[PDB]
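See structure below.
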Amino acid sequence: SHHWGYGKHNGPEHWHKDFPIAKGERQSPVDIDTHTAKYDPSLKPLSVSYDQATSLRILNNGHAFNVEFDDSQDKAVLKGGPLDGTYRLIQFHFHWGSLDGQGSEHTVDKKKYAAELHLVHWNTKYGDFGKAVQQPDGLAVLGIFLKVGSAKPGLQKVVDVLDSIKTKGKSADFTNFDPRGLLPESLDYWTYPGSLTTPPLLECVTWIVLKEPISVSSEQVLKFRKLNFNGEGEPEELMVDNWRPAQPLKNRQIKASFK
Ligand SMILES: [Cu+2]
Ligand SMILES: [Cu+2]
Ligand SMILES: [Zn+2]
């Protein structure tokens with residue numbers, strides 16, 4: 001299923017016609033009301049183990065750009081916190097705005113950040129990603145907010161390759177990239193059960209959203225905004241505002257790892 005996007009004629013308000021789960025019981029993103037989130041002393045320490053991460057390639061897929069990892073072994077994994085067992089990193093990507101005052105998917109007391117990073121992991125008990133996305137605990141996505149201020153040195157290698165993947169369907173080698181350079185100092189987080197935030201909107205995700213944003217420079221985010229939704233030789237449509245707004249919380253509680 002093709003043709004969904006972020007424009008007025010195929011954006012988030014239309015997705016439910018082809019993806020009825022868009023109106024489901026555990027859709028993402030959500031607004032994080034920080035005063036209603038409750039500290040959960042049962043949460044375990046989160047473990048982000050990216051030392052042996054093996055990046056492979058960066059791809060413009062027409063919706064965002066994905067940095068892809070070799071997930072054929074436990075090389076980069078997420079464990080602990082709300083999670084049972086081991087989740088393997090498969091890709092990361094971002095969502096961002098046309099302006100610094102919008103771009104994130106999750107919001108914090110209705111505050112929109114300039115962008116949001118998603119590090120996507122699948123539960124190794126299900127053998128591969130495709131089977132993991134048929135399970136209610138198949139995926140874990142680590143979300144990190146971006147605000148505009150000082151430059152993030154560990155983002156710059158990503159920014160510098162974007163020129164080579166301007167249009168949909170372009171890819172480039174992207175080996176030897178260390179995703180640890182994209183994390184904030186603190187691993188304090190909020191967690192809740194949700195979904196993919198793009199079609200097919202599957203309800204498989206344990207969301208882990210870090211409280212501390214990373215700072216990126218205006219120049220870094222401006223380069224995200226030079227990408228294109230369209231393919232080569234087609235009319236240019238800047239890749240901006242590729243975020244889904246907050247969805248109803250319904251019968252969910254957001255838990256905090258910190259007091
Ligand atoms: Cu289709
Ligand atoms: Cu697509
Ligand atoms: Zn995402």
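Residue numbers are given in my numbering: position 229 of the sequence shown equals residue 229, and the series is strictly consecutive.
We treat Cβ as the ideally placed atom computed from N, Cα and C, and that holds for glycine.
Check: residue i C-beta below 6 Å from any heavy atom of ligand 1
| i | result |
| --- | --- |
| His-2 | yes |
Near ligand 3: residue i beta-carbon under 6 Å from a heavy atom
| i | result |
| --- | --- |
| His-9 | no |
| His-121 | no |
| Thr-107 | no |
| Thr-197 | yes |
| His-118 | yes |
When the options are compared against residue i, the one with the closest alpha-carbon
| i | options | result |
| --- | --- | --- |
| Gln-102 | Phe-94, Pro-12 and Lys-112 | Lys-112 |
| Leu-142 | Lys-131, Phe-177, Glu-212 and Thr-167 | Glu-212 |
| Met-239 | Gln-247, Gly-233, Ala-246 and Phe-229 | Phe-229 |
| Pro-199 | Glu-116, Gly-7 and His-16 | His-16 |
| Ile-254 | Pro-82, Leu-222 and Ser-49 | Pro-82 |
| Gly-231 | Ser-72, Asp-40, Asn-60 and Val-67 | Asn-60 |
| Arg-88 | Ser-49, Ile-58 and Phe-65 | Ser-49 |
| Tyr-192 | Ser-1, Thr-36 and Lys-152 | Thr-36 |
| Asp-51 | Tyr-126, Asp-109, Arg-180 and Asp-100 | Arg-180 |
| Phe-94 | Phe-258, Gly-24, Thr-197 and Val-205 | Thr-197 |
| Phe-145 | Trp-190, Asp-178, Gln-134 and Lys-157 | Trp-190 |
| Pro-248 | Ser-150, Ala-256 and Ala-22 | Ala-22 |
Delimiting residues of the beta strand (DSSP E) encompassing residue i
| i | result |
| --- | --- |
| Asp-173 | 171-173 |
| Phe-145 | 139-148 |
| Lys-79 | 77-80 |
| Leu-46 | 46-49 |
| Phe-65 | 65-69 |
| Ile-58 | 55-60 |
| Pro-193 | 189-194 |
Supposed close pair residue i, residue j - CB separation, criterion 8 Å
| i | j | result |
| --- | --- | --- |
| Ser-47 | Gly-80 | 4 Å |
| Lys-75 | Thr-54 | 5 Å |
| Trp-243 | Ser-104 | 7 Å |
| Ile-165 | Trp-122 | About 24 Å; that fails the 8 Å criterion. |
| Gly-62 | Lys-168 | 4 Å |
| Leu-117 | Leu-56 | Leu-117 to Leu-56, Cβ: 18 Å. No contact. |
| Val-30 | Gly-233 | Not a contact, Cβ separation roughly 39 Å. |
| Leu-139 | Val-120 | 7 Å |
| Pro-12 | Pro-245 | 6 Å |
For residue i, the first and last residue of its enclosing alpha helix (DSSP H)
| i | result |
| --- | --- |
| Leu-249 | Looking at the DSSP string, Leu-249 is not in any alpha helix (DSSP H), and its letter there is neither H nor E. |
| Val-161 | 156-161 |
Within the region 91-135, ranges of the beta strand (DSSP E) (whole runs, at least 3 residues): 115-123
4-residue-minimum alpha helix (DSSP H) runs that sit fully inside the region 210-253, ordered along the chain: 218-224
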